[PDB]
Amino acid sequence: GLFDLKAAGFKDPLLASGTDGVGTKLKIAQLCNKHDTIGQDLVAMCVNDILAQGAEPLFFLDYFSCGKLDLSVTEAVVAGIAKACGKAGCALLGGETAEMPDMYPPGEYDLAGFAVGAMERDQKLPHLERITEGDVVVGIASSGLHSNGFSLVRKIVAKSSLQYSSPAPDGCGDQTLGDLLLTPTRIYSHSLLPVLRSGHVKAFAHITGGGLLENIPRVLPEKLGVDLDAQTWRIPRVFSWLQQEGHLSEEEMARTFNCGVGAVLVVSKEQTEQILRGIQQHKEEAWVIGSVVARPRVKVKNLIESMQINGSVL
């Protein structure tokens, strides 16, 4: 289909676009034959990425390249993408499935996603000029691992006392380890857009590859960093299991995983309360996780302490 910006109600739009992939999270989907929500990871990654620029997602396309797959696997992938597009509030405008046995072994596939969004010229983000020392960092809860760090995840599972089919560790639901690890990326595009539209968000960072350390600097003025404290948010228990199993340092955790924070907003102190109110009303979970500070550029205090499980508590 062709997209009609006028019918969509834009007066003077700028267009944002981005491409993303699920990474080796797909290998776990393929190992466990659990493909229903991998389309949500793909769509969420693309729409959350353009949300960061201040854009409302308009439409999405995927390129689905694969070895020989079961009919039921091909269908489950594609249906989950359609489902995720409905959830995000964007149109599935096209796609391609390209079967290439010489490129991929039986049962393996890759996904590339593309999303296009739009906003008014004045609705654009970040507003770098507005960001100052003492500004507040708001963290939005992730659903878990989202779609990054899965090369490390798969290495840890491979040497662990648990298999993907094992019960998920203490405090990770009545599901298998595979189910837990496959928990789909949260879509923030529909719930957080009115919050961005308030005009009191100075910047938005979607937390993806490179974790908290790599993604936050991209939306800060050159001379500023951020001081974060991990005691101020809830760390999903999957991150504790992983740290313990792989004996992971703070740095490794902060560079690889979202650690519970799927997205960050920069807001002034004065505007903090109404932002938190706005987020809560749109059914997301959020905390003040730190502050913008003079100038490591991002510091994550108390990460291991905050996620380490007390061995005398059952």
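We number the residues from 1 along the sequence you see.
Going from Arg295 to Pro296, you skip over 4 to 9 residues of the deposited sequence that the entry leaves unmodelled. In this crystal structure, the stretch out of 124-132 and 154-162 whose C-alpha atoms carry the higher mean B factor is 124-132.
The PDB entry records a higher mean C-alpha B factor for 215-223 than for its counterpart among 215-223 and 110-118. Annotation for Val73, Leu93, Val138, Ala141: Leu93 ranks highest, by Cα B-factor.
Ranked against the other modelled residues of its chain, the C-alpha B-factor of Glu273 as given in the entry falls in the lowest third. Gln244: CA B factor lies in the highest third for its chain, per the PDB record. Ranked within its chain, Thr24 lands in the middle third, by CA B factor from the PDB record. Placement of the Cα temperature factor of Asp41 within the chain: middle third of the modelled residues, per the deposited record. The deposited CA B-factor of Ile289 belongs to the lowest third of values across its chain.
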